[PDB]
Amino acid sequence: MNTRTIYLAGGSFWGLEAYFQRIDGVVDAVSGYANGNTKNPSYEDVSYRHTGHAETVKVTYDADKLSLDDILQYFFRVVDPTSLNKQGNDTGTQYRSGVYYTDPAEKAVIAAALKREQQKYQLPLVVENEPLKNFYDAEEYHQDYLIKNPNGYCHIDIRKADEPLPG
Ligand SMILES: CNC(=O)[C@H](CC[S@](C)=O)NC(C)=O
């Protein structure tokens with residue numbers, strides 16, 4: 001398989017992970033902590049010590065089935081790109097919205113996508129578009145959280161992932 005990876009931050013990684021895991025073309029989704037100032041942070045560090053990390057989902061997708069653009073469109077369906085450090089009740093910099101890339105050629109792709117998304121929003125978009133500085137896997141307890149606990153905390157509607165994309 002020809003795969004690619006992209007890092008997405010859009011609030012609680014429980015809902016976001018579950019969301020991307022149900023999309024045909026997504027090979028994997030790992031919840032972790034990205035672009036922080038500390039190394040190997042625990043949930044407690046990120047949540048209370050202000051290590052600066054953002055709850056992020058590492059998404060691996062079939063580069064032959066989906067484009068980075070498709071992934072971004074899916075992402076825009078469940079993330080409010082206009083709220084600063086807040087998605088639902090999850091408030092704090094650890095829930096900031098952002099797209100982190102490992103390839104510099106993707107910055108222009110992400111920026112262009114954000115510009116198109118901005119066309120349909122009256123309020124200014126506040127989604128970060130930055131390189132993946134650092135990524136650290138969240139505790140195993142957090143992996144496949146909603147698959148293990150179907151009635152677990154989730155404020156995004158994962159059924160939006162079933163709706164097809166243009167053409
Ligand atoms: C009980 N609810 C929570 O713990 C969620 C955190 C889940 S997120 C994947 O960090 N937030 C609050 C405020 O309770």
# chains A, B, ... in the order shown; residues from 1 in each chain; ligands from 1
$ closest_atom_pairs --of "chain A" --to "ligand 1" --cutoff "9 Å" --atoms "only C-alpha atoms and all ligand atoms" --output "tab-separated table"
residue	atom	partner	partner_atom_place_in_ligand_line	distance
A:11	CA	ligand 1	8 (S)	7.3
A:12	CA	ligand 1	9 (C)	3.8
A:13	CA	ligand 1	9 (C)	4.8
A:14	CA	ligand 1	9 (C)	5.0
A:15	CA	ligand 1	9 (C)	7.6
A:16	CA	ligand 1	9 (C)	9.0
A:31	CA	ligand 1	9 (C)	8.9
A:43	CA	ligand 1	10 (O)	7.8
A:47	CA	ligand 1	10 (O)	7.4
A:55	CA	ligand 1	10 (O)	7.2
A:89	CA	ligand 1	13 (C)	5.9
A:90	CA	ligand 1	13 (C)	5.2
A:91	CA	ligand 1	13 (C)	7.3
A:94	CA	ligand 1	10 (O)	8.1
A:95	CA	ligand 1	10 (O)	8.0
A:142	CA	ligand 1	9 (C)	7.6
A:145	CA	ligand 1	9 (C)	8.9
A:152	CA	ligand 1	1 (C)	8.9
A:153	CA	ligand 1	2 (N)	6.3
A:154	CA	ligand 1	7 (C)	8.4
$ residues_around --residues "residue 34 (chain A)" --least-positions-apart "5" --cutoff "9 Å" --atoms "only C-alpha atoms" --output "tab-separated table (two decimals) with N, CA and C atoms, in the first residue's frame"
chain	number	residue	atom	x	y	z
A	7	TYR	N	-1.05	14.90	10.59
A	7	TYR	CA	-1.44	15.04	11.99
A	7	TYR	C	-2.52	16.09	12.18
A	9	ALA	N	-5.32	18.05	14.79
A	9	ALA	CA	-5.73	18.44	16.14
A	9	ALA	C	-7.06	19.17	16.01
A	52	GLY	N	2.11	22.39	26.71
A	52	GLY	CA	1.87	22.98	25.40
A	52	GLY	C	1.43	22.03	24.30
A	53	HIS	N	1.45	20.72	24.54
A	53	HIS	CA	1.04	19.76	23.51
A	53	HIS	C	-0.44	19.86	23.17
A	54	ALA	N	-0.79	19.51	21.94
A	54	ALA	CA	-2.18	19.52	21.53
A	54	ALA	C	-2.61	18.07	21.32
A	55	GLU	N	-3.81	17.72	21.77
A	55	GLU	CA	-4.31	16.37	21.56
A	55	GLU	C	-4.42	16.26	20.05
A	56	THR	N	-3.66	15.33	19.50
A	56	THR	CA	-3.59	15.16	18.06
A	56	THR	C	-3.80	13.73	17.61
A	57	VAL	N	-4.34	13.58	16.41
A	57	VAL	CA	-4.57	12.25	15.86
A	57	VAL	C	-3.67	12.05	14.65
A	100	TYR	N	-0.70	19.48	11.21
A	100	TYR	CA	0.75	19.43	11.27
A	100	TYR	C	1.27	18.45	10.23
A	132	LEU	N	5.14	19.27	11.90
A	132	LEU	CA	4.99	18.46	13.09
A	132	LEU	C	6.34	18.55	13.78
A	133	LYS	N	6.39	19.31	14.86
A	133	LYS	CA	7.62	19.50	15.61
A	133	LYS	C	7.91	18.23	16.39
A	134	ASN	N	6.91	17.76	17.12
A	134	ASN	CA	7.05	16.55	17.91
A	134	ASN	C	5.70	15.86	18.10
A	135	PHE	N	5.75	14.53	18.19
A	135	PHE	CA	4.55	13.74	18.40
A	135	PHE	C	4.86	12.62	19.37
A	136	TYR	N	3.98	12.42	20.34
A	136	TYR	CA	4.16	11.38	21.34
A	136	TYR	C	2.84	10.64	21.55
A	137	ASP	N	2.89	9.32	21.43
A	137	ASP	CA	1.72	8.46	21.59
A	137	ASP	C	1.09	8.59	22.96
$ select_by_dssp --residues "region 11-156 of chain A" --states "alpha helix (DSSP H)" --output "NGL selection string"
:A and (13-21 or 43-44 or 68-78 or 107-118 or 145-148)
$ write_last_selection --atoms "C-alpha atoms" --output "mmCIF file, in the first residue's frame"
data_model
loop_
_atom_site.group_PDB
_atom_site.id
_atom_site.type_symbol
_atom_site.label_atom_id
_atom_site.label_comp_id
_atom_site.auth_asym_id
_atom_site.auth_seq_id
_atom_site.Cartn_x
_atom_site.Cartn_y
_atom_site.Cartn_z
ATOM 1 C CA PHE A 13 -8.836 12.930 20.269
ATOM 2 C CA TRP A 14 -11.398 10.261 21.279
ATOM 3 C CA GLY A 15 -14.065 11.471 18.885
ATOM 4 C CA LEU A 16 -11.605 12.527 16.200
ATOM 5 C CA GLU A 17 -9.857 9.139 16.206
ATOM 6 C CA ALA A 18 -13.126 7.204 16.035
ATOM 7 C CA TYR A 19 -14.240 9.515 13.224
ATOM 8 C CA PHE A 20 -11.246 8.912 10.962
ATOM 9 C CA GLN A 21 -11.218 5.194 11.726
ATOM 10 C CA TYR A 43 -2.134 12.906 29.946
ATOM 11 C CA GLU A 44 -1.617 14.673 33.268
ATOM 12 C CA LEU A 68 -4.494 14.969 1.577
ATOM 13 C CA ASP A 69 -7.262 17.321 0.419
ATOM 14 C CA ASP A 70 -9.979 14.732 1.035
ATOM 15 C CA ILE A 71 -8.649 14.120 4.552
ATOM 16 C CA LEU A 72 -8.741 17.874 5.191
ATOM 17 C CA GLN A 73 -12.342 18.111 3.944
ATOM 18 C CA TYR A 74 -13.352 15.321 6.332
ATOM 19 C CA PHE A 75 -11.566 17.168 9.106
ATOM 20 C CA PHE A 76 -13.400 20.427 8.357
ATOM 21 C CA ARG A 77 -16.725 18.552 8.700
ATOM 22 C CA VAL A 78 -16.258 17.831 12.395
ATOM 23 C CA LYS A 107 1.997 23.543 3.856
ATOM 24 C CA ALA A 108 0.757 25.117 0.612
ATOM 25 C CA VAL A 109 -1.868 22.358 0.288
ATOM 26 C CA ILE A 110 -3.121 22.967 3.828
ATOM 27 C CA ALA A 111 -3.058 26.745 3.410
ATOM 28 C CA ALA A 112 -5.015 26.571 0.153
ATOM 29 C CA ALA A 113 -7.590 24.265 1.771
ATOM 30 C CA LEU A 114 -7.982 26.630 4.727
ATOM 31 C CA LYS A 115 -8.450 29.525 2.297
ATOM 32 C CA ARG A 116 -11.230 27.668 0.493
ATOM 33 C CA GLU A 117 -12.871 26.749 3.810
ATOM 34 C CA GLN A 118 -12.632 30.412 4.856
ATOM 35 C CA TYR A 145 -11.312 4.660 23.101
ATOM 36 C CA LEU A 146 -14.755 4.902 21.497
ATOM 37 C CA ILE A 147 -14.472 1.398 20.067
ATOM 38 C CA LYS A 148 -13.926 0.063 23.580
#
$ closest_residue --among "A:42, A:87, A:93, A:3" --to "residue 141 (chain A)" --atoms "only C-alpha atoms"
A:42
$ atom_distance --atom1 "CA of residue 24 (chain A)" --atom2 "CA of residue 127 (chain A)"
25.0 Å
$ select_by_dssp --residues "region 67-156 of chain A" --states "strand (DSSP E)" --output "list in words"
residues 86, 87, 90, 91, 97, 98, 99, 100, 101, 128, 129, 130, 131, 135, 136 and 137 of chain A
$ residues_around --residues "region 49-51 of chain A" --least-positions-apart "2" --cutoff "6 Å" --atoms "only C-alpha atoms" --output "PDB file with N, CA, C and O atoms, in the first residue's frame"
ATOM      1  N   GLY A  36       4.489  20.140  21.431  1.00  0.00           N
ATOM      2  CA  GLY A  36       4.566  20.655  22.782  1.00  0.00           C
ATOM      3  C   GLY A  36       5.997  21.035  23.101  1.00  0.00           C
ATOM      4  O   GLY A  36       6.876  20.937  22.241  1.00  0.00           O
ATOM      5  N   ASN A  37       6.238  21.463  24.335  1.00  0.00           N
ATOM      6  CA  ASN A  37       7.572  21.859  24.751  1.00  0.00           C
ATOM      7  C   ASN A  37       8.279  20.808  25.591  1.00  0.00           C
ATOM      8  O   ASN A  37       9.429  20.996  25.965  1.00  0.00           O
ATOM      9  N   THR A  38       7.600  19.709  25.899  1.00  0.00           N
ATOM     10  CA  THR A  38       8.208  18.656  26.706  1.00  0.00           C
ATOM     11  C   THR A  38       8.273  17.328  25.960  1.00  0.00           C
ATOM     12  O   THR A  38       7.623  17.145  24.932  1.00  0.00           O
ATOM     13  N   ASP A  45       0.427  15.635  32.308  1.00  0.00           N
ATOM     14  CA  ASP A  45       1.334  16.737  31.968  1.00  0.00           C
ATOM     15  C   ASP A  45       0.634  17.717  31.045  1.00  0.00           C
ATOM     16  O   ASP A  45       0.572  18.925  31.310  1.00  0.00           O
ATOM     17  N   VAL A  46       0.122  17.179  29.945  1.00  0.00           N
ATOM     18  CA  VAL A  46      -0.571  17.970  28.938  1.00  0.00           C
ATOM     19  C   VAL A  46      -1.787  18.695  29.495  1.00  0.00           C
ATOM     20  O   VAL A  46      -1.978  19.886  29.253  1.00  0.00           O
ATOM     21  N   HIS A  53       1.454  20.720  24.540  1.00  0.00           N
ATOM     22  CA  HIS A  53       1.044  19.761  23.508  1.00  0.00           C
ATOM     23  C   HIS A  53      -0.439  19.865  23.170  1.00  0.00           C
ATOM     24  O   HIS A  53      -1.256  20.243  24.010  1.00  0.00           O
TER      25      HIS A  53
END
$ closest_atom_pairs --of "region 22-89 of chain A" --to "region 121-124 of chain A" --cutoff "10 Å" --atoms "only C-alpha atoms" --output "CSV"
residue,atom,partner,partner_atom,distance
A:81,CA,A:124,CA,8.4
A:82,CA,A:124,CA,6.1
A:83,CA,A:124,CA,9.2
$ closest_residue --among "A:79, A:164, A:5, A:85" --to "residue 28 (chain A)" --atoms "only C-alpha atoms"
A:5
$ atom_distance --atom1 "CA of residue 96 (chain A)" --atom2 "CA of residue 119 (chain A)"
21.1 Å
$ atom_distance --atom1 "CA of residue 161 (chain A)" --atom2 "CA of residue 29 (chain A)"
14.2 Å
